[PDB]
């Protein structure tokens, strides 16, 4: 129902971008930590105005994730619960659209700290470094996304997002939106 190419991409997002604390299970505290880690690299003090926008944005991703995938209502999203959602969307892709669109927008919002509506290499790399990825490797992943440009527009980002979550092609540029892939 889900190709190994897409499984690899789904579990990379789960293990790197959702499970910040590496417990193996996704919980609200992972997204509080994610906001803390990004704010620390940006030099945004906790309780600062900029910090609370970032934390709110991160809590909004968590609640959308919890509503979609926490099937047993324990307040946690297992790796099996994440893959189980995507088996559901494989039968009814049309139902994925509202949530995917909100998640796409949230992820772009967290990266675009200048609010100019494009993601530059320092915006992209800084967020990747906060999630524990290699700087040089994220710099290379950015170069594969930006097609020669200094910035990724919102419009380019929505296309790259669709490829990352939908394409069974192991080598489309959208496969780089969450940096160099983990196996």
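Numbering follows the first chain given and starts at 1.
- Comparing the deposited coordinates for 22-30 and 143-151, the stretch with the larger average C-alpha B-factor is 143-151.
- Of all the options 66, 57, 158, 126, the entry's greatest CA B-factor is assigned to 57.
- When the CA B factors of the chain's modelled residues are split into thirds, the value for residue 76 lands in the lowest one.
- Placement of the Cα temperature factor of residue 15 within the chain: lowest third of the modelled residues, per the deposited record.
- Annotation for residue 110: CA B-factor lies in the middle third of the chain's modelled residues.
- Ranked by Cα temperature factor within the chain, residue 104 sits in the lowest third according to the deposited record.
- Split the chain's modelled residues into thirds by C-alpha temperature factor. Residue 37 is in the lowest one.
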